[PDB]
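One chain comes next, on its own, written out as structure tokens in the form deposited in one PDB entry.
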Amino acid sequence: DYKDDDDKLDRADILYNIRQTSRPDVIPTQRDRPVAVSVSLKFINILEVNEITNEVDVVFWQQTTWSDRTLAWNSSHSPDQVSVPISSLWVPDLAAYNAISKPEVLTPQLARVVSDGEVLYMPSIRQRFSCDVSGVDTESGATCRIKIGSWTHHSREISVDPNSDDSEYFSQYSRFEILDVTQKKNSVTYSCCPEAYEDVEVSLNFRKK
């Protein structure tokens, strides 16, 4: 409940309870079903676009949510959420398939845990990608796709789930402007292994101002 959110001892006790119960290295599968992970990229900036190399340098807020109901507690007289270092938590092992630089995390590495077991982790990331930059100087713009999913968990273990112009988020001072952002679910079988991986394809349709 709101009134108790700022009760420090309660917050300390919740963090203790979460660290007691959390298994940071085991997927939080419940009821023999895959962990349902939702990913939403809020684009903040498009910093460099190279039409010769088909590369983009971007900043996005990666809103990542899933549940671990073993973390839940009765918050009828305690805080409903706390901030938790992600090192204390399991986090989905997401990777961007067409990323060509390491992800630069620009923000404090803390997640929110809600008393119903919901977890929210939303880092600001700067990262470079190989994608189709063709058309960026035209009115219809370019469409750059970013493909994200679990790097080591197949669809039986983790599933990823997905039409905005990101007006609340995207920098008005970018040389570029966003026309549309859409996400589509993807299921892929790769050469290495017989089971499929789920991914989200995020399509960033943008153009130079």
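Residue indices: 1-based, along the sequence shown. Residues that one form lacks are left out of the comparison. What we label the rigid core is the largest C-alpha set whose atoms superpose within 1.5 Å from one form to the other.
Of the other compared PDB entries of this protein that include residues on both sides, all give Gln63 atoms, none of them, and so not a third, leaving it without. Gaps at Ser174 occur in none of the other compared entries of the protein that contain both adjacent residues, all of which model it rather than a third dropping it. In this entry, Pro162 is separated from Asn163 by 1 to 3 residues of the deposited sequence that have no coordinates. As the entry records it, the average C-alpha temperature factor is higher for 134-142, out of 134-142 and 96-104. If you average the C-alpha B-factors over 9-17 and over 197-205, the higher value belongs to 197-205. In the deposited coordinates, the residue among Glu168, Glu157, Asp68, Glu55 with the greatest CA B-factor is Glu168.
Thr64 sits in the lowest third of its chain by CA B factor, as recorded in the PDB entry. Among the modelled residues of its chain, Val39 has a C-alpha B-factor that falls in the middle third, as given in the PDB entry.
In this PDB entry, the Cα temperature factor of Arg175 sits in the top third of its chain's modelled residues, the highest group. Among all modelled residues in its chain, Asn45 ranks in the middle third by Cα B-factor. Among all modelled residues in this chain, the alpha-carbon of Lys147 has a temperature factor (C-alpha) in the middle third.
Quick note: we don't show the form deposited in another entry, though the next part is all about it.
After superposing the rigid core, the Cα of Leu15 is displaced by less than 2 Å between this form and the one not shown. In the other form, the CA atoms of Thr189 and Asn98 move apart by 3 angstroms or more relative to this form. In this core-based overlay, residues 188-197 form the only run of three or more whose Cα positions differ by 2 Å or more between this form and the one not shown.
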